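Colleague: One structure, as structure tokens, below. Some questions next.
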Amino acid sequence: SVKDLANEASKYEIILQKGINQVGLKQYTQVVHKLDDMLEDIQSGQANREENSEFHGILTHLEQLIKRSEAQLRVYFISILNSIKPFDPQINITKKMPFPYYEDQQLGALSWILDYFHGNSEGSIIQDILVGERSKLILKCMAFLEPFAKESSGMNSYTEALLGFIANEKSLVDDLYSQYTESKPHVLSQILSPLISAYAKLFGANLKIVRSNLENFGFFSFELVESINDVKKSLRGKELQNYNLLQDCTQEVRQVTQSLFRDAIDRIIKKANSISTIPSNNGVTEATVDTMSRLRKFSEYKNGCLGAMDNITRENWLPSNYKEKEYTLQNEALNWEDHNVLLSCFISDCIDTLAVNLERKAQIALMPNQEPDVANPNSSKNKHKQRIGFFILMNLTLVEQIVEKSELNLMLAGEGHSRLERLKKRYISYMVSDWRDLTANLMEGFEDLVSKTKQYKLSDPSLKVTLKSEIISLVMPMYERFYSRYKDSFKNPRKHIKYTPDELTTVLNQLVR
């Protein structure tokens, strides 16, 4: 029945010949079947006949018509995957909108065509395609955010997008394989795989830029982390032929984040000594302004300063050789295991550092060839305490300011504030030095310290009051004694004693300037 089969075949060819789009996919499929059938319906019941197997002419025409048709299926398939041309996601991020997704009917088809091939033991190809296209697309979509991802943070949107994408990708793999819950992982692996590799490059690229200039991009590392974690929190569970690139990155980032503290404590020293002359006004050094501008920068990333506060003793951020005296830590009754206490300590150390170092440079300048006797209100060598005191206080009042105005306040809270306080007291204990002399000395000089003290006005009420009394509650008690005691040894009073304990008390009260 040679001419029989051939005559029927054409009917089909005249069908396939029409566009797949013009023959409800399902039908097109069926026909190709009935054909791959006739192909076999002639290679079985005629292979047995040695005196009959010669329908070679028409047979070949089938093998041909088939291959071609199947190929149009691969094509239709790819056409579908692309019915959602790549787009700029920058908008789906800002106005937090969902990404376009394949319509229902489309999935059906894809699934079908997937079935068509997987059901012919040659779907290992339709697989390669499915994966190829998707990733090529997502990749291109990402291409829009990339340029911005290099330095608001462009790294953020770049991630937000990836996460989003990783999501839609899971869905899609499942919505497509509701029949083959056997290779869902391997498939989604190949799709996400490159997406990540891209993330990784871009990611590593940023760190490279951050490791470079820590002075300004330093804090970005905290963001780099939030980013890499979120990406890792999204992948959790699914397999990834390429995961090590993330475990690597976190290693790189994390390894830059604590580097920030030993570093932070350094800028402060390398910036306090930066200049060796006491400003004309005894005022706020650019250093003081820098360290705060920087500390504050820290506070803005609380959650991140803790995440990378573990496995780090505070030795990890102090000079290799540091004097315990130069700090305000004492009441070691803190649960050093708890990060918060650490973080607070850190901050308090920076402040302490800044304060001490200014005092270093301060003493050096005013009187060199004399080994700087820092942080010691009773220095016998130091003779410019008062000024130095005023000087350091003047910056602290600024330090205090930036603190109260920010997170740094909540971070120090309590212990921090207690140290800060203890610190202020150190330098006020300073300005009062000159008076302890005058007093104990005798047991003119008075007018002297009065004049001198009138030269320093403080931008803070507390200090003024504190200093007023501090002086009073030291000179007076003492003077009254000596006064009234060795007072009457002669006769005429106001003809020798130009000053009366009562008078002095008033004079001292005029020191509100």
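What follows draws every value from the coordinates through simple rules; no lab data is involved. Cβ placement follows ideal geometry from the backbone for every residue including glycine, while neighbour counts extend to all protein chains displayed.
Colleague: For the stretch 298-328, what are the residues that are in contact with a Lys or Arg (Cβ under 7 Å, 6 or more places away or on another chain), of a type in the set (A, V, I, L, M, F, W, C) and within 23 Å of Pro372 (Cβ to Cβ)?
Modeller: Result: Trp317, single match.
Colleague: Let me confirm something: among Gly389, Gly445, which residue is among the small types (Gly, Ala, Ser) and in contact with a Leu (Cβ under 9 Å, 6 or more places away or on another chain)?
Modeller: None of the other options fit; the residue is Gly445.
Colleague: In addition: When only residues in the stretch 330-352 that are among the charged types (D, E, K, R) and buried (at least 20 other Cβ atoms within 10 Å of the Cβ) count, which is farthest from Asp437 (Cα to Cα)?
Modeller: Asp349
Colleague: Just give me the residues in the stretch 142-164 being of a type in the set (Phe, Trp, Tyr) and over 22 Å from the mean Cα position of the chain (by Cα), in sequence order.
Modeller: The answer is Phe144, and nothing else.
Colleague: Pull out all pairs, ordered by first then second residue, where Cβ-Cβ is under 8 Å, the residues are six or more apart or on different chains, the first lies in the stretch 78-94 and is more than 24 Å from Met155 (Cα to Cα), and the second is in a loop (DSSP other than H, G, I, E, B) and of a type outside the set (D, E, K, R).
Modeller: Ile80/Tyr102; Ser83/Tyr102; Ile84/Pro100; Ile84/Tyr101; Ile84/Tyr102
Colleague: Go through the stretch 436-472 and count every residue that is assigned to a helix (DSSP H, G or I), surrounded by 11 or more Cβ atoms within 10 Å (Cβ to Cβ) and not aliphatic (A, V, I, L, M).
Modeller: 15
To keep it simple, each residue is scored yes or no on (1) more than 16 Å from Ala413 (Cα to Cα); (2) aliphatic (A, V, I, L, M); (3) out of contact with any strand residue (DSSP E or B) (no Cβ under 8 Å at 6 or more places or on another chain).
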{"position": "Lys297", "(1), (2), (3)": "yes, no, yes"}
{"position": "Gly304", "(1), (2), (3)": "yes, no, yes"}
{"position": "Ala308", "(1), (2), (3)": "yes, yes, yes"}
{"position": "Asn311", "(1), (2), (3)": "yes, no, yes"}
{"position": "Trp317", "(1), (2), (3)": "yes, no, yes"}
{"position": "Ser320", "(1), (2), (3)": "yes, no, yes"}
{"position": "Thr328", "(1), (2), (3)": "no, no, yes"}
{"position": "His339", "(1), (2), (3)": "no, no, yes"}
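Colleague: Could I ask something else about it? Quick check on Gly164: is it of a type in the set (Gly, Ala, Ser), within 22 Å of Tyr102 (Cβ to Cβ) and touching a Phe, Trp or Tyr at 6+ places or on another chain (Cβ under 9 Å)?
Modeller: Spelling it out, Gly164 is indeed of a type in the set (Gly, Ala, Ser), within 22 Å of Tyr102 (Cβ to Cβ) and touching a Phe, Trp or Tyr at 6+ places or on another chain (Cβ under 9 Å).
Colleague: Output the residue which, of all residues in the stretch 97-111 that are hydroxyl-bearing (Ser, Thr, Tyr) and assigned to a loop (DSSP other than H, G, I, E, B), is surrounded by the most Cβ atoms within 10 Å (Cβ to Cβ).
Modeller: Among them, the one singled out is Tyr102.
Colleague: Taking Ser83 as the residue in question, decide whether it is assigned to a helix (DSSP H, G or I) and among the hydroxyl-bearing types (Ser, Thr, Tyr).
Modeller: no
Colleague: Run down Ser135, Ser157, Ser189, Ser121 and say which single residue is surrounded by fewer than 17 Cβ atoms within 10 Å (Cβ to Cβ) and of a type in the set (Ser, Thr, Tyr).
Modeller: That would be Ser121, the only listed residue that is surrounded by fewer than 17 Cβ atoms within 10 Å (Cβ to Cβ) and of a type in the set (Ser, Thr, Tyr).
Colleague: Restricting the search to the stretch 256-279, which residues are loosely packed, with under 14 Cβ neighbours inside 10 Å and farther than 21 Å from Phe391 by Cα?
Modeller: none
Colleague: Still on this structure, I have one more. With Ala287, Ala355 as the choices, which residue is over 19 Å from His417 (Cα atoms), of a type in the set (A, V, I, L, M), buried (at least 20 other Cβ atoms within 10 Å of the Cβ) and more than 24 Å from the chain's Cα centre (by Cα)?
Modeller: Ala287
Colleague: Determine if the stretch 65-77 includes at least one residue that is over 45 Å from the mean Cα position of the chain (by Cα), β-branched (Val, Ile, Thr) and either more than 18 Å from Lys18 (Cβ to Cβ) or surrounded by 15 or more Cβ atoms within 10 Å (Cβ to Cβ) (or both).
Modeller: Yes: one or more hits.
Colleague: If the requirement is being within 30 Å of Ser183 (Cβ to Cβ), part of a helix (DSSP H, G or I) and among the basic types (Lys, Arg), which of these qualifies: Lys232, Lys271, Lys238, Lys208?
Modeller: Every option except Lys232 fails the conditions.
Colleague: Continuing with the same structure: Restricting to the stretch 358-380, name every residue that is crowded, with 23+ Cβ neighbours inside 10 Å and among the hydroxyl-bearing types (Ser, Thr, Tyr).
Modeller: The answer is none; no residue qualifies.
Colleague: Only one of (1) under 25 Å from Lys405 (Cα atoms); (2) small (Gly, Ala, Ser); (3) touching a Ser or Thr at 6+ places or on another chain (Cβ under 9 Å) is not met by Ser293, so which one is it?
Modeller: The number of the failed condition is (3).
Colleague: Please indicate, with yes or no, whether at least one residue in the stretch 46-58 is under 57 Å from the mean Cα position of the chain (by Cα), over 29 Å from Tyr177 (Cβ atoms) and not in a helix (DSSP H, G or I).
Modeller: Looking through the stretch 46-58, none of the residues is under 57 Å from the mean Cα position of the chain (by Cα), over 29 Å from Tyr177 (Cβ atoms) and not in a helix (DSSP H, G or I).
Colleague: Restricting to the stretch 401-423, what's the tally of residues that are surrounded by fewer than 20 Cβ atoms within 10 Å (Cβ to Cβ) and not β-branched (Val, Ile, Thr)?
Modeller: Number of matching residues: 14.
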